[PDB]
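Novice: Take this structure, written in structure tokens, and hold onto it; I'll ask about it next.
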2 protein chains.
Amino acid sequence: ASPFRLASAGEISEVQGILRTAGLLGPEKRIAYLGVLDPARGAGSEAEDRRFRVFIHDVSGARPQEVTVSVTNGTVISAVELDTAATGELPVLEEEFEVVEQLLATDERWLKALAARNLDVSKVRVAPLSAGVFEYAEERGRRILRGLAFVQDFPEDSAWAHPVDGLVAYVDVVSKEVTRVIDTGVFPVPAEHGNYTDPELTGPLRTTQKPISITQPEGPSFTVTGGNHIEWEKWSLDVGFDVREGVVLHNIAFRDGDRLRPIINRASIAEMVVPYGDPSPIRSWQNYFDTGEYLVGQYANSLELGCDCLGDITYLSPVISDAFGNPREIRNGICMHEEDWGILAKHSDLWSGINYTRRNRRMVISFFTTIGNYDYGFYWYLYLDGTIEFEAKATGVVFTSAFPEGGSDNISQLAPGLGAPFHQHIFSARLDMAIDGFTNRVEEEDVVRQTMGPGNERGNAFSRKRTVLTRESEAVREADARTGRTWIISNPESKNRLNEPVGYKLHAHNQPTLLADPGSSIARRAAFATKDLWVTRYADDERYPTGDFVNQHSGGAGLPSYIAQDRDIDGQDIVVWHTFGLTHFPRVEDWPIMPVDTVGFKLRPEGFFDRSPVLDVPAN
Amino acid sequence: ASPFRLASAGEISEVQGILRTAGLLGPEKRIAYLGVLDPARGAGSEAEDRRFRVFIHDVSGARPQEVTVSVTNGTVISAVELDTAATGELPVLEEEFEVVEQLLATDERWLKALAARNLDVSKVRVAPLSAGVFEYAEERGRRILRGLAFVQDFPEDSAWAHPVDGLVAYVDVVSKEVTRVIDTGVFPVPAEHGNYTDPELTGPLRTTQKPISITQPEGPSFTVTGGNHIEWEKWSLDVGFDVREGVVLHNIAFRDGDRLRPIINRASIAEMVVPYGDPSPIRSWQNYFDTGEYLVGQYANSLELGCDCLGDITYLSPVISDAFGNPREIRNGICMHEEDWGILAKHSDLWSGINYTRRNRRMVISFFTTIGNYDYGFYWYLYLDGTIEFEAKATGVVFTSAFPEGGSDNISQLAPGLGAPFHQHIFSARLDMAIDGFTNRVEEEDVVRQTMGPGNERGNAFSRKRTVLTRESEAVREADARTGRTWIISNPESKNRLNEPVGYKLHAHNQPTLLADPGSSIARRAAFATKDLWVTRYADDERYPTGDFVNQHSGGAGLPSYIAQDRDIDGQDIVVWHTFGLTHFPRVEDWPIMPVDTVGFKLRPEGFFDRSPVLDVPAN
Ligand SMILES: [Cu+2]
Ligand SMILES: [Cu+2]
Ligand code: NA
Ligand code: NA
């Protein structure tokens with residue numbers, strides 16, 4: 001009966017029915033986004049109202065709509081026509097992915113370009129790439145995708161090995177017109193294949209790996225009730241799923257003795273962007289907001305046992321809407337398991353004679369998505385000791401180009417004539433905090449060095465300082481690894497037994513933030529990515545650091561607009577937005593398929609508990 | 001027959017015999033350090049000569065000696081009398097640990113101090129703490145330990161719960177005299193116990209953890225030959241053990257097709273220091289060089305199966321010398337196992353229809369040591385994809401003090417009246433590099449931001465720069481996390497198929513370095529700890545960043561002295577010394593026994609291979 005339960009097939013079909021009945025979902029309509037809304041603050045006391053938010057596209061060229069439906073009551077709560085030139089285009093539709101290649105294949109300019117390079121049009125794949133917002137006035141108010149070409153020599157060939165540089169096209173996917181074809185000149189199309197299952201490239205497969213068997217003869221240490229409520233080693237949470245954000249954690253809390261103590265109300269990856277650093281006009285417009293533009297949840301993989309998730313795995317199979325409002329299940333789309341995590345605590349004491357060792361474990365909740373060439377694993381970890389961690393695992397095939405004769409400051413070489421433009425993958429974690437409840441504040445904590453002198457005669461002392469972030473205008477912060485900078489979220493009205501406010505400390509990896517010039521389009525559209533930490537006052541309509549409609553949407557929405565309100569965040573219901581990313585200068589080792597690389601963050605208890613929370617963990 | 005084999009019991013007894021025969025090991029002599037020396041450069045062609053280095057202490061007050069013995073030939077190579085006031089005292093002896101408490105227990109000043117606090121001398125434990133070098137002229141040339149007191153209420157009590165603040169004593173452990181007893185005033189001795197196996201504190205133990213079974217029905221994927229030569233998934237290395245450094249890796253190489261390609265010649269943790277940041281005179285002298293002063297290898301734990309090391313474990317049981325030259329085995333002191341490491345690479349391709357997933361694994365080589373209150377796990381990892389990683393895991397019981405009435409800028413509160421002084425744990429990894437052989441160089445690589453303008457009209461471009469470190473004077477470097485700074489070790493004479501020098505990139509965690517004022521004693525004695533990266537030209541006598549004799553030794557030796565030679569490091573036999581540490585402001589959660597926290601670094605291949613090295617990893 002939890003209001004945080006996953007959407008069921010029935011609820012989605014019911015949203016479909018309500019929209020149909022209301023005249024909002026005729027044959028020209030397509031659902032670009034559909035997701036359940038979280039319960040309002042203080043809604044637990046009142047009866048439940050399951051509400052769904054829907055973005056409806058119209059293939060005949062009519063304006064799209066944003067609609068909220070109450071599936072409980074069978075009503076339309078609100079329906080509003082969107083002016084996309086102002087507020088943004090809807091997310092890219094699944095069905096639009098083929099359209100770019102299809103339209104280009106009969107366009108005389110495109111055909112001329114391919115003929116100049118002696119490429120068979122039947123073998124040319126075209127990626128359906130988000131367009132962003134640049135200097136082309138005609139694109140304002142139109143759904144545009146840009147196309148980059150890759151040659152596929154045969155059906156099972158990896159087209160990424162054969163980029164067609166010097167060529168890009170722009171297409172209106174509603175009116176089904178090619179608006180521009182730009183050919184800056186021929187580059188050699190790299191010839192080596194990148195087929196990582198071809199024995200000629202792999203060589204003989206290793207026979208040297210012996211089996212590793214991970215089993216649980218009595219089953220897992222966690223329970224699942226109500227479909228998605230997890231209880232494990234004092235932790236309690238609900239595992240949600242949204243087609244945009246993917247796996248979302250709700251109501252993260254820890255049972256400390258008799259009391260269920262909230263820590264985080266909602267945790268999600270609310271945006272992720274992949275900005276490219278190649279100034280060639282063929283790619284200088286390239287910034288993929290995988291979450292906001294493409295919707296990472298919708299492309300979640302079905303995860304196979306013993307391959308993707310190893311051990312005793314409990315799967316969730318989230319349901320999403322197709323383009324017509326019919327439910328579609330992502331079978332085994334979410335993995336849940338616990339795993340051993342080495343030593344938790346250990347001491348062999350000379351004076352007492354007592355030797356003590358305890359093992360750690362973590363609960364893992366994950367999914368894996370595929371966005372064109374990229375594949376990303378999103379992992380949330382809960383540890384016995386109260387630590388919470390996120391990790392992103394980046395793999396797939398690197399996005400390629402030609403490698404210029406004479407080299408490049410912005411592209412690395414992977415194979416003869418084959419380049420990989422420099423880029424970043426930058427995530428925003430939205431952490432709606434609830435440290436012992438909703439009354440929270442954030443402090444920035446720096447190490448403080450001290451000068452040798454009076455009070456510090458041996459020059460050994462060091463200290464720290466904490467600065468409370470009192471209003472949103474003061475709450476846009478940068479990393480300082482040299483001074484060990486962290487951010488503590490505390491509850492000023494909840495004290496531990498030592499009379500100190502309870503808290504959690506966020507530990508960042510301090511990787512570089514967005515590198516683009518601050519005057520670029522991407523610096524405005526991904527403003528969140530320019531700073532490591534933002535704190536806002538909670539509001540129900542402030543969901544994404546980039547706003548609701550990212551596709552072809554200029555600056556104007558998202559975090560810079562939210563913080564302008566300059567709201568009180570000193571002992572209030574607040575939200576932390578942490579930017580973290582990977583800066584990728586591709587290496588030869590990344591080709592032809594990339595080994596996983598990782599980035600993330602964690603939060604550790606900081607005077608939250610009255611002593612170690614794992615004293616009751618048993619031996620062996 | 002490997003010259004890198006572990007020392008055997010027989011070799012140690014033979015060193016004993018040779019020293020005895022030579023008149024160097026009479027009844028007043030004690031071995032403070034004994035270890036095998038590595039083979040000289042180019043020694044493989046010539047017959048083997050197993051040589052051992054020995055530091056010999058004399059309990060009658062005579063000068064100690066440094067001796068090198070050839071156990072193969074039964075000879076003394078060299079023997080030299082040490083002037084400890086100049087070059088340093090020998091490492092702390094096991095047998096000296098009891099002496100501080102024993103001497104203090106009959107000293108009238110110490111007894112007066114205990115009586116003022118109503119403490120039973122029979123219940124007062126005294127830690128045998130390294131003294132360092134401060135303002136006490138009488139200590140120069142004498143073996144001094146300083147004592148801090150902790151009350152143990154009964155034999156199985158954790159004395160760390162009951163620090164006796166305001167009191168410190170200094171003792172000459174050779175002449176067996178108490179030189180000073182300093183009592184700055186009484187502080188309350190904290191009363192709560194810290195007994196983490198007492199049910200009253202733990203409460204009822206959890207019954208909610210179900211078993212996790214990790215097995216290998218056909219055994220491990222690695223082989224061990226010659227006692228300590230490991231071969232695993234293309235990697236080759238020898239696992240050494242030294243009483244000072246602990247586990248040392250030799251000859252790390254990777255079999256790429258037909259060629260065994262060297263990467264790292266020797267990897268070790270060559271020093272570790274724990275500087276304290278409390279300006280109280282009771283502790284302001286406190287800096288524990290666990291490696292250099294105490295010898296971490298000698299206190300390696302015997303690791304129990306299913307508790308310390310889980311899965312299919314292969315143990316090494318290294319042999320060390322006791323104080324008289326008799327061999328002593330550390331049973332199951334080194335764990336070796338492989339473990340699953342999640343997804344290695346994954347792509348689901350739209351155009352080819354091919355779905356591909358491969359799993360990662362790592363080889364783990366570890367030990368755990370105990371130094372008083374502290375316990376540290378040292379972990380080396382080798383991954384399928386060519387990555388090499390070190391991780392230190394810090395646990396044990398935090399070093400305590402009183403918590404001052406009215407608080408402290410340099411001490412945190414753990415329990416009523418109980419404090420934990422701020423401190424750091426700072427490691428130095430010595431990496432004798434051999435990237436495709438010995439001709440190596442180091443470049444510092446920074447991300448480079450670019451300005452919007454001509455050549456970068458959209459303001460999206462970003463790049464990087466590499467600066468070769470050509471001589472040792474230019475090779476003392478600091479972190480810059482904001483610019484994504486890393487260091488690449490390459491071989492300028494070995495190119496990959498793309499005509500680029502092969503290399504490995506060192507990725508640091510960019511944690512704060514030594515915080516002490518640069519004019520302090522500790523900044524001079526642990527100079528290495530003030531900077532993140534040092535590069536030297538290889539020399540056989542440049543083993544430790546702090547020199548051979550750290551105990552009570554001023555500045556004068558170690559890294560600052562090595563780099564003054566200003567040797568060529570541009571395409572030469574070089575050594576990288578990476579400083580990395582944890583800055584610890586203890587939390588209530590660290591009490592009464594600390595959950596593990598970690599720090600480390602890794603090196604990843606950077607154009608070392610001609611493409612991904614894991615294309616031949618099989619499915620499932
Ligand atoms: Cu990348
Ligand atoms: Cu510590
Ligand atoms: Na909140
Ligand atoms: Na070297």
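Just so we're on the same page: first chain in the structure tokens is A, next is B, and so on; residues restart at 1 for each chain, and ligands are numbered from 1 in the order they show up.
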Counting only C-alpha atoms and all ligand atoms, give me one row per residue of chain A with an atom at most 12 Å from an atom of ligand 3, showing the shortest contact pair and its distance in Å to one decimal, sorted by chain then residue number, as CSV.

Specialist:
residue,atom,partner,partner_atom_place_in_ligand_line,distance
A:41,CA,ligand 3,1 (Na),10.3
A:250,CA,ligand 3,1 (Na),11.7
A:251,CA,ligand 3,1 (Na),10.9
A:252,CA,ligand 3,1 (Na),11.9
A:262,CA,ligand 3,1 (Na),10.5
A:263,CA,ligand 3,1 (Na),9.4
A:264,CA,ligand 3,1 (Na),7.5
A:265,CA,ligand 3,1 (Na),6.5
A:266,CA,ligand 3,1 (Na),8.1
A:267,CA,ligand 3,1 (Na),10.4
A:430,CA,ligand 3,1 (Na),10.3
A:431,CA,ligand 3,1 (Na),7.7
A:432,CA,ligand 3,1 (Na),4.3
A:433,CA,ligand 3,1 (Na),3.9
A:434,CA,ligand 3,1 (Na),5.0
A:435,CA,ligand 3,1 (Na),8.2
A:436,CA,ligand 3,1 (Na),10.5
A:437,CA,ligand 3,1 (Na),8.1
A:438,CA,ligand 3,1 (Na),5.3
A:439,CA,ligand 3,1 (Na),7.6
A:440,CA,ligand 3,1 (Na),7.1
A:441,CA,ligand 3,1 (Na),9.4
A:442,CA,ligand 3,1 (Na),11.1
A:489,CA,ligand 3,1 (Na),10.2
A:490,CA,ligand 3,1 (Na),11.1
A:491,CA,ligand 3,1 (Na),10.7
A:535,CA,ligand 3,1 (Na),10.0
A:536,CA,ligand 3,1 (Na),9.0
A:537,CA,ligand 3,1 (Na),7.6
A:538,CA,ligand 3,1 (Na),6.0
A:539,CA,ligand 3,1 (Na),9.3
A:540,CA,ligand 3,1 (Na),10.9
A:569,CA,ligand 3,1 (Na),9.8
A:570,CA,ligand 3,1 (Na),11.6
A:571,CA,ligand 3,1 (Na),10.0
A:572,CA,ligand 3,1 (Na),7.4
A:573,CA,ligand 3,1 (Na),4.1
A:574,CA,ligand 3,1 (Na),3.9
A:575,CA,ligand 3,1 (Na),5.1
A:576,CA,ligand 3,1 (Na),8.2
A:577,CA,ligand 3,1 (Na),11.3

Novice: Residue 191 (chain A): which residues within 10 Å, counting only C-alpha atoms, same-chain residues fewer than 6 positions away excluded, as JSON, numbers by chain?

Specialist: {"A": [151, 153, 161, 162, 163, 415, 416, 417, 418]}

Novice: For chain B against ligand 2, with a cut-off of 9 Å and counting only C-alpha atoms and all ligand atoms, what is the closest atom pair and its distance in Å to one decimal for every residue that makes the cut, ordered by chain and number, as a tab-separated table?

Specialist:
residue	atom	partner	partner_atom_place_in_ligand_line	distance
B:274	CA	ligand 2	1 (Cu)	7.9
B:374	CA	ligand 2	1 (Cu)	8.1
B:394	CA	ligand 2	1 (Cu)	7.2
B:395	CA	ligand 2	1 (Cu)	7.8
B:396	CA	ligand 2	1 (Cu)	8.9
B:397	CA	ligand 2	1 (Cu)	8.7
B:398	CA	ligand 2	1 (Cu)	6.3
B:399	CA	ligand 2	1 (Cu)	7.9
B:422	CA	ligand 2	1 (Cu)	7.8
B:423	CA	ligand 2	1 (Cu)	6.2
B:424	CA	ligand 2	1 (Cu)	6.2
B:425	CA	ligand 2	1 (Cu)	6.3
B:582	CA	ligand 2	1 (Cu)	7.3
B:583	CA	ligand 2	1 (Cu)	7.2
B:584	CA	ligand 2	1 (Cu)	4.9
B:585	CA	ligand 2	1 (Cu)	7.5
B:586	CA	ligand 2	1 (Cu)	6.9
B:594	CA	ligand 2	1 (Cu)	8.8
B:597	CA	ligand 2	1 (Cu)	8.8

Novice: Take the residues from that selection and write them out as a CSV table (one decimal), in the first residue's frame, keeping N, CA, C and O atoms.

Specialist:
chain,number,residue,atom,x,y,z
B,274,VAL,N,52.4,9.2,11.3
B,274,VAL,CA,51.2,9.7,11.9
B,274,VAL,C,51.5,10.9,12.8
B,274,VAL,O,51.9,10.7,14.0
B,374,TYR,N,46.8,1.3,16.6
B,374,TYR,CA,46.5,1.3,15.2
B,374,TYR,C,46.6,-0.1,14.6
B,374,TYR,O,47.4,-0.9,15.0
B,394,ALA,N,42.7,1.8,7.3
B,394,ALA,CA,43.0,2.2,8.6
B,394,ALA,C,41.9,1.8,9.6
B,394,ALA,O,40.7,2.3,9.4
B,395,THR,N,42.2,1.1,10.6
B,395,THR,CA,41.3,0.8,11.7
B,395,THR,C,42.0,0.7,13.0
B,395,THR,O,43.1,1.4,13.2
B,396,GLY,N,41.5,0.0,14.0
B,396,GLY,CA,42.1,0.0,15.4
B,396,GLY,C,41.2,0.8,16.3
B,396,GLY,O,40.1,1.1,16.1
B,397,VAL,N,41.9,1.3,17.3
B,397,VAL,CA,41.3,2.2,18.3
B,397,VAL,C,42.0,3.5,18.2
B,397,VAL,O,43.2,3.6,18.1
B,398,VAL,N,41.2,4.6,18.2
B,398,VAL,CA,41.8,5.9,18.1
B,398,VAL,C,42.7,6.3,19.3
B,398,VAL,O,42.3,5.8,20.4
B,399,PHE,N,43.7,7.0,19.1
B,399,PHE,CA,44.6,7.5,20.2
B,399,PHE,C,43.9,8.6,20.9
B,399,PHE,O,43.4,9.5,20.3
B,422,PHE,N,43.5,15.4,16.8
B,422,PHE,CA,43.5,15.4,15.3
B,422,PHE,C,44.9,15.0,14.9
B,422,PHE,O,45.9,15.2,15.5
B,423,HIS,N,45.0,14.3,13.8
B,423,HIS,CA,46.2,13.7,13.3
B,423,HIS,C,46.1,13.4,11.8
B,423,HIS,O,45.0,13.5,11.3
B,424,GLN,N,47.2,13.0,11.2
B,424,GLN,CA,47.2,12.5,9.8
B,424,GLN,C,47.8,11.1,9.8
B,424,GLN,O,48.6,10.8,10.7
B,425,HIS,N,47.6,10.3,8.7
B,425,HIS,CA,48.3,9.1,8.5
B,425,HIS,C,48.8,9.2,7.0
B,425,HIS,O,48.0,9.3,6.1
B,582,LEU,N,45.6,10.3,4.9
B,582,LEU,CA,44.3,10.6,5.5
B,582,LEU,C,44.5,11.6,6.5
B,582,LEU,O,45.4,11.5,7.4
B,583,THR,N,43.6,12.6,6.5
B,583,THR,CA,43.6,13.6,7.6
B,583,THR,C,42.4,13.3,8.4
B,583,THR,O,41.2,13.3,8.0
B,584,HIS,N,42.6,13.0,9.7
B,584,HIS,CA,41.6,12.4,10.6
B,584,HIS,C,41.2,13.3,11.7
B,584,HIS,O,42.0,13.7,12.6
B,585,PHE,N,40.0,13.8,11.6
B,585,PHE,CA,39.3,14.5,12.7
B,585,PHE,C,38.3,13.5,13.3
B,585,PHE,O,37.3,13.3,12.7
B,586,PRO,N,38.7,12.8,14.4
B,586,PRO,CA,37.9,11.6,14.8
B,586,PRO,C,36.5,12.0,15.1
B,586,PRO,O,36.1,13.1,15.6
B,594,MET,N,37.3,1.7,15.5
B,594,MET,CA,37.1,2.5,14.3
B,594,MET,C,36.7,1.6,13.1
B,594,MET,O,37.4,0.7,12.8
B,597,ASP,N,38.6,3.1,7.3
B,597,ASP,CA,38.7,4.1,6.2
B,597,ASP,C,39.9,3.9,5.3
B,597,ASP,O,40.8,3.1,5.7

Novice: Identify which of the residues B:364, B:269, B:588, B:307 lies closest to residue 604 (chain A), counting only C-alpha atoms when measuring atom-to-atom distances.

Specialist: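 So, comparing all the options, the nearest one is B:588.
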
Novice: Among region 283-521 of chain A, which ones does DSSP assign to strand (DSSP E) (computed from the backbone)? Answer as a PyMOL selection string.

Specialist: chain A and resi 287-289+314-316+319-321+327-329+334-348+355-371+374-383+388-396+401-402+411-415+418-421+423-433+441-449+462-468+476-477+486-495+501-508

Novice: Going by DSSP on the backbone, which bits of region 175-288 of chain A are helix (DSSP H, G or I)? Write them as an MDAnalysis selection string, please.

Specialist: chainID A and resid 199:202

Novice: Let's have the selection written as a short mmCIF file (atom, residue, chain, number, x, y, z; two decimals), in the first residue's frame, with N, CA, C and O atoms.

Specialist:
data_model
loop_
_atom_site.label_atom_id
_atom_site.label_comp_id
_atom_site.auth_asym_id
_atom_site.auth_seq_id
_atom_site.Cartn_x
_atom_site.Cartn_y
_atom_site.Cartn_z
N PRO A 199 37.32 -13.27 -33.76
CA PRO A 199 38.54 -13.96 -33.30
C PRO A 199 39.86 -13.41 -33.86
O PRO A 199 40.88 -13.58 -33.21
N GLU A 200 39.83 -12.80 -35.04
CA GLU A 200 41.03 -12.26 -35.66
C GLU A 200 41.60 -11.11 -34.84
O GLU A 200 42.81 -10.89 -34.83
N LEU A 201 40.72 -10.38 -34.17
CA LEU A 201 41.13 -9.27 -33.32
C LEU A 201 41.35 -9.68 -31.86
O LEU A 201 42.23 -9.14 -31.20
N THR A 202 40.53 -10.60 -31.35
CA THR A 202 40.62 -11.02 -29.95
C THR A 202 41.80 -11.96 -29.77
O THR A 202 42.42 -11.99 -28.71
#

Novice: Taking 6 positions as the minimum chain separation for residues in the same chain, which residues sit within 8 Å of residue 349 (chain A) when counting only C-alpha atoms? Answer as a list in words.

Specialist: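 After dropping sequence-adjacent residues, the list is residues 355 of chain A; 372 and 373 of chain B.
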
Novice: Those residues you just picked out, can you put them in a file as a tab-separated table (two decimals), in the first residue's frame with N, CA and C atoms?

Specialist:
chain	number	residue	atom	x	y	z
A	355	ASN	N	41.74	-10.09	20.55
A	355	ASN	CA	41.83	-9.92	19.11
A	355	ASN	C	40.43	-9.94	18.50
B	372	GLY	N	50.55	-0.71	18.24
B	372	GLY	CA	49.89	-0.17	19.41
B	372	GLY	C	48.37	-0.16	19.28
B	373	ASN	N	47.80	1.04	19.24
B	373	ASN	CA	46.37	1.21	19.05
B	373	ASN	C	45.91	1.04	17.60

Novice: Separation of CA of residue 87 (chain B) and CA of residue 293 (chain B), in Å?

Specialist: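 Straight-line distance from CA of residue 87 (chain B) to CA of residue 293 (chain B) works out to 13.6 Å.
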
Novice: What's around residue 95 (chain A) at 12 Å? Count only C-alpha atoms, leave out sequence neighbours fewer than 5 positions away in its own chain, and write the answer as a VMD selection string.

Specialist: chain A and resid 30 to 32 57 59 100 102 128 173 to 174 294 322 to 324

Novice: Keeping N, CA and C atoms for every residue in the selection just given, could you write it to a file as a short mmCIF file (atom, residue, chain, number, x, y, z; two decimals), in the first residue's frame?

Specialist:
data_model
loop_
_atom_site.label_atom_id
_atom_site.label_comp_id
_atom_site.auth_asym_id
_atom_site.auth_seq_id
_atom_site.Cartn_x
_atom_site.Cartn_y
_atom_site.Cartn_z
N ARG A 30 1.73 11.32 -29.00
CA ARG A 30 2.77 10.40 -28.56
C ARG A 30 3.25 10.80 -27.16
N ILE A 31 3.42 9.83 -26.28
CA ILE A 31 3.95 10.12 -24.95
C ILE A 31 5.49 10.16 -25.02
N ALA A 32 6.06 11.35 -24.77
CA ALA A 32 7.50 11.55 -24.73
C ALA A 32 8.09 11.33 -23.35
N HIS A 57 3.54 14.69 -27.06
CA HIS A 57 3.95 15.22 -28.36
C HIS A 57 2.84 14.97 -29.40
N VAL A 59 2.40 14.54 -33.54
CA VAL A 59 3.12 14.30 -34.80
C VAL A 59 2.63 15.11 -36.00
N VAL A 100 16.48 10.23 -38.88
CA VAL A 100 17.56 11.08 -39.39
C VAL A 100 18.23 10.39 -40.59
N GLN A 102 16.96 7.89 -42.38
CA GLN A 102 15.93 7.67 -43.40
C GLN A 102 15.73 8.89 -44.29
N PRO A 128 21.28 9.78 -34.38
CA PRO A 128 20.28 10.82 -34.10
C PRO A 128 20.66 11.64 -32.88
N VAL A 173 12.56 16.68 -37.59
CA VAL A 173 11.93 15.36 -37.49
C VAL A 173 10.40 15.35 -37.43
N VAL A 174 9.78 16.53 -37.41
CA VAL A 174 8.32 16.64 -37.43
C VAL A 174 7.83 16.88 -38.84
N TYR A 294 17.57 12.43 -23.52
CA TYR A 294 17.30 11.07 -24.02
C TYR A 294 16.47 10.18 -23.09
N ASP A 322 5.13 3.08 -23.39
CA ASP A 322 5.59 3.28 -24.75
C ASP A 322 5.02 4.59 -25.30
N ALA A 323 5.24 4.85 -26.59
CA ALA A 323 4.85 6.12 -27.20
C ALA A 323 3.33 6.34 -27.26
N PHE A 324 2.55 5.27 -27.10
CA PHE A 324 1.09 5.34 -27.19
C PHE A 324 0.38 5.21 -25.85
#

Novice: Point out the residue among A:165, A:94, A:606, A:590 with the least atom-to-atom distance to ligand 1, counting only C-alpha atoms and all ligand atoms.

Specialist: A:590

Novice: One decimal, Å: what's the distance from CA of residue 186 (chain A) over to CA of residue 279 (chain A), could you say?

Specialist: 17.3 Å

Novice: Set the distance at 8 Å and use only C-alpha atoms: which residues neighbour residue 268 (chain A) once local chain neighbours fewer than 6 positions away are removed? I'd like the list as a list in words.

Specialist: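 That gives residues 245, 246, 247, 248, 249, 429, 430 and 431 of chain A.
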
Novice: Atoms to include: N, CA, C and O atoms. Write the selected residues as a JSON list (two decimals), in the first residue's frame.

Specialist:
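Done, and the output landed in again.json:
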[["chain", "number", "residue", "atom", "x", "y", "z"],
["A", 245, "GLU", "N", 15.21, 9.70, -14.89],
["A", 245, "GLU", "CA", 16.32, 9.60, -13.93],
["A", 245, "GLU", "C", 16.87, 8.21, -13.74],
["A", 245, "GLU", "O", 18.02, 8.05, -13.37],
["A", 246, "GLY", "N", 16.07, 7.19, -14.04],
["A", 246, "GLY", "CA", 16.42, 5.81, -13.76],
["A", 246, "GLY", "C", 16.08, 5.45, -12.33],
["A", 246, "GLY", "O", 15.01, 5.84, -11.83],
["A", 247, "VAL", "N", 16.95, 4.68, -11.67],
["A", 247, "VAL", "CA", 16.71, 4.28, -10.27],
["A", 247, "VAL", "C", 16.77, 5.52, -9.36],
["A", 247, "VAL", "O", 17.72, 6.33, -9.43],
["A", 248, "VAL", "N", 15.73, 5.66, -8.54],
["A", 248, "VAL", "CA", 15.61, 6.76, -7.58],
["A", 248, "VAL", "C", 15.39, 6.13, -6.22],
["A", 248, "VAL", "O", 14.56, 5.23, -6.08],
["A", 249, "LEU", "N", 16.16, 6.57, -5.21],
["A", 249, "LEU", "CA", 15.98, 6.05, -3.86],
["A", 249, "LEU", "C", 15.15, 7.03, -3.04],
["A", 249, "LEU", "O", 15.37, 8.24, -3.07],
["A", 429, "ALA", "N", 23.97, 14.74, -8.86],
["A", 429, "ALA", "CA", 23.21, 14.00, -7.88],
["A", 429, "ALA", "C", 22.36, 14.99, -7.09],
["A", 429, "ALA", "O", 22.88, 15.92, -6.49],
["A", 430, "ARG", "N", 21.05, 14.76, -7.10],
["A", 430, "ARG", "CA", 20.11, 15.55, -6.34],
["A", 430, "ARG", "C", 19.74, 14.78, -5.09],
["A", 430, "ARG", "O", 19.13, 13.73, -5.16],
["A", 431, "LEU", "N", 20.15, 15.34, -3.95],
["A", 431, "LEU", "CA", 19.98, 14.72, -2.65],
["A", 431, "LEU", "C", 19.07, 15.61, -1.82],
["A", 431, "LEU", "O", 19.50, 16.61, -1.26]]

Novice: Excluding same-chain residues fewer than 2 positions from residue 135 (chain B), what lies within 12 Å of it counting only C-alpha atoms, as a PyMOL selection string?

Specialist: (chain A and resi 457-458) or (chain B and resi 131-133+137-140+285+520-521+552+554)

Novice: Do a neighbour search on region 358-362 of chain B at 12 Å with only C-alpha atoms, toss out local chain neighbours closer than 3 positions, and write the hits as a ChimeraX atom specification.

Specialist: /A:196-197,209-212,304,306-310,395-396,593-597 /B:220-222,232-235,336-348,355,365,379-390,614-620

Novice: Identify which of the residues A:494, A:483, A:400, A:195 lies closest to chain B, counting only C-alpha atoms when measuring atom-to-atom distances.

Specialist: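 Among the listed residues, A:483 lies closest to chain B.
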
Novice: Rounded to one decimal in Å, what is the spacing between CA of residue 326 (chain B) and CA of residue 20 (chain B)?

Specialist: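 Computing the Euclidean distance for CA of residue 326 (chain B) and CA of residue 20 (chain B) yields 12.0 Å.
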